[PDB]
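> pasting the first chains of the complex, positions unchanged:
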Amino acid sequence: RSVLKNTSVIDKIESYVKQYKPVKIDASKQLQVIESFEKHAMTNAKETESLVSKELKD
Amino acid sequence: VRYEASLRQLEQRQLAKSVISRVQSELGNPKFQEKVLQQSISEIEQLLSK
């Protein structure tokens, strides 16, 4: 800022950045469809696991 | 900051053509006459140093 001796905007853009210093929050939105994806995952996985654990000894 | 340095350089070149204006101010004087005595007393000062 003190490099520009003709400052005139640096307070403006500095308080503009400090204004938007709370930029935007993130997106932790998925907690319902993602658990359905891993629900189908655990479903078909335990189907496969029980079937192969049976058929190996079979 | 780029425009600041640009404005400094424009100030410097406008003072260069102002140096031209100062030279044209200095040209028409009896400083041409008086300054001979300047050299006189000066050369006295230089050669009296030794």
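That came through, no problem. Residues are numbered from 1 along each chain as shown, chains lettered A, B, ... in the order given.
> Next, see if stretch B:12-20 gets close to chain A.
No - using Cβ under 8 Å from any Cβ of the partner chain, stretch B:12-20 stays clear of chain A, coming no nearer than 15.4 Å. In short, each C-beta sits where N, CA and C put it, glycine included.
> Extract the C-alpha set from that stretch and format it as PDB.
Written as PDB, here are the backbone C-alpha positions of stretch B:12-20 (Å, rounded to 0.1, in the frame of the first residue of the first chain):
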ATOM      1  CA  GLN B  12      10.300  14.000 -15.500                       C
ATOM      2  CA  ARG B  13      10.000  14.500 -19.200                       C
ATOM      3  CA  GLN B  14       7.800  17.600 -18.700                       C
ATOM      4  CA  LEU B  15      10.500  18.900 -16.400                       C
ATOM      5  CA  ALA B  16      13.000  18.100 -19.200                       C
ATOM      6  CA  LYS B  17      11.200  20.400 -21.600                       C
ATOM      7  CA  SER B  18      11.100  22.700 -18.600                       C
ATOM      8  CA  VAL B  19      14.900  22.400 -18.500                       C
ATOM      9  CA  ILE B  20      14.700  23.600 -22.100                       C
END
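> Point out the residues in chain A that sit beside chain B.
Residues of chain A lying near chain B (Cβ under 8 Å from any Cβ): A:3, A:4, A:5, A:6.
> Settle this for me: the third one is touching residue B:4, isn't it.
Yes - contact criterion Cβ atoms under 8 Å: residue A:5 and residue B:4 qualify, at 6.8 Å.
> quick one, which of these two is more surrounded?
Ranked by neighbour count (other Cβ atoms under 10 Å in any protein chain shown), residue A:5 and residue B:4 place residue B:4 first, with 13 against 10.
> ok, now which ones touch the more buried one?
A:4, A:5, A:6 (Cβ atoms under 8 Å, 6 or more residues apart in numbering or on different chains).
> Extend the structure above with chain C:
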Amino acid sequence: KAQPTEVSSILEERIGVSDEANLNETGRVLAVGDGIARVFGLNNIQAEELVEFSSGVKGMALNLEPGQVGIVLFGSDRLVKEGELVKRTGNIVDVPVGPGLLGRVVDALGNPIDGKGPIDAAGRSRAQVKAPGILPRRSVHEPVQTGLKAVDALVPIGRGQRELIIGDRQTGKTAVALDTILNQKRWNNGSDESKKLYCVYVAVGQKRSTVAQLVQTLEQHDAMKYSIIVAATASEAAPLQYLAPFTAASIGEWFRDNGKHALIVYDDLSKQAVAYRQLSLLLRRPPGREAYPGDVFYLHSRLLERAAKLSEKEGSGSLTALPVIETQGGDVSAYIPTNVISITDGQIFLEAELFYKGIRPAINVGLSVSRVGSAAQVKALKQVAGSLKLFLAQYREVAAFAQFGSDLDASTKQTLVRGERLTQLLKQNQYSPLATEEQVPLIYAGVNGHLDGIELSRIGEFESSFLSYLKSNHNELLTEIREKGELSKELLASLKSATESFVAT
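Following on from the chains above, chain C is added here:
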């Protein structure tokens, strides 16, 4: 503002010098034609003393005679007029040295052309300083990490190892030392001065637009905070182009004698030889081979001898030199380069055909070599590139052998495929230096044949892919290569696993 008039008026106060202006030098100019001037008088002049003419142009009094003294000009003869008044400085030709020279762009005399005001000089130093003797030296033992692939792989550079870059016109020569300077940003951002390495680029006889774009580019990548540019462009006088590399060598000596480490880059000595034979022919001195005066070997000799590694008694300073020689059509038997080859500690030949094939850098490995670089290679690179030059010379043997279309055994075809992969490997775009930690895994993949199943065109994306792979994941191994510079067996096997993982894709 008026603060420039304030500073200039303090300089007007200095302009105090008029109160003690009894110069024991002033003499009339007898004649002044063909870039030279005979001056009567100056009977207490010194040999190779800087003088200044009445038209502001300075000059060096080079030959002394009973009756007159022949003084060369440092500019056009259009300013110097016959019969004028020639004040001597009182000095052998000296240039400003100091840390404030960094960032600035000057002439051959340290007068800045960047328009950034005066120079914060820490002193003045002579141009024709003696090179240091054999005792305050040390054999090189510290690397110069250029950031390029095949350069740091095959021709390592010691701090002070005088390595020639030789090539032809528009053959990527300037970009090599340019990207070397850009690699030095790694440690110039750092803090250890012995890790730091300061850059002086000497553009002589070239286009002012070219130098302006180069300085612009060095400001874009922010190399300017450790850069010093010496401009001796083609519009300027031949003695300026003669003189400027000696001045930059004095700057490098200023850095070296402060214990620090510094890099100078000459570009090019070829035009300096042109300027020097222009001088000597206007000195009416007889030429020798290819119309050069016979001392032109001594010229570049006495230039490049002022660059070495100081011992610990001197503070372990170093000064590494990168001369550039433009040849004519790939000739290595012209009189000028064969002199330089007899001086430097090795060669970096750039083949025109490889860059004509777009292979940038266009390194001919079979010609390019360093003599004592292996003593100061990075120890990990010394571990991993032992078979590499052997395998590349081997692939070069079957390079011209495979042009006949004859099928071969799996051994020579294996070397053919892997050498094709290594050849297409070592391309590298401009302004893209690579750290040593980045260069190690590409070599380790290239040695162990993992590239052979990969497509030849796929290698370029594979490089960046595997690098981003490791930087994402095996960042610890990158830090290990950074900290050690040397691969243990555990690091070797972990490196092997980390490679073969991404080699599975």
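> so how many other residues sit close to residue 47?
No chain in the question, so chain A it is. When neighbours are defined as other Cβ under 10 Å, residue A:47 has 10 of them.
> that's the wrong chain, I meant chain C
Applying other Cβ under 10 Å, we find 11 residues neighbouring residue C:47.
> Which parts of the stretch 201-350 of chain C are helices?
C:208-220, C:238-257, C:269-282, C:296-304, C:335-341 (DSSP state H, counting those that start in this stretch).
> what helices or strands is the top helix by length along chain A leaning on?
Looking across chain A with DSSP state H, the single longest helix is helix A:33-57. The contact analysis (3 or more Cβ pairs under 8 Å, 6 or more residues apart in numbering or on different chains; DSSP states H and E) places helix A:33-57 against no helix or strand.
> Residue numbers of chain B in contact with chain A?
Contact residues, chain B versus chain A (Cβ under 8 Å from any Cβ): B:1, B:4, B:7.
> please redo it, this time with the cut-off set to 6 Å
Contact residues (Cβ under 6 Å from any Cβ of the partner chain) of chain B with chain A: B:1, B:4.
> Of all the residues in the longest helix anywhere in chain B, which ones are buried?
Ranked by residue count and defined by DSSP H, the top helix of chain B is helix B:2-27. For helix B:2-27, burial by neighbour count (16 or more other Cβ atoms under 10 Å in any protein chain shown) applies to residue B:15.
> Quick one: residues in contact with whichever helix or strand comes after it.
Per DSSP states H and E, the first helix or strand lying C-terminal to helix B:2-27 is helix B:31-47. Applying Cβ atoms under 6 Å, 6 or more residues apart in numbering or on different chains, the contact partners of helix B:31-47 are residue C:22.
> For chain C, what's its nearest residue on chain A.
residue A:5 (9.5 Å; Cβ to the nearest Cβ).
> Same list (the helices of the stretch 201-350 of chain C) but as JSON lines, adding mean neighbour count and distance to residue C:10.
Shown next, in JSON lines, are those (neighbours: other Cβ atoms under 10 Å in any protein chain shown; distance: least, Cβ to Cβ, whole Å):
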{"stretch": "helix C:208-220", "mean neighbour count": "15", "distance to residue C:10": "29"}
{"stretch": "helix C:238-257", "mean neighbour count": "25", "distance to residue C:10": "27"}
{"stretch": "helix C:269-282", "mean neighbour count": "21", "distance to residue C:10": "37"}
{"stretch": "helix C:296-304", "mean neighbour count": "19", "distance to residue C:10": "38"}
{"stretch": "helix C:335-341", "mean neighbour count": "19", "distance to residue C:10": "46"}
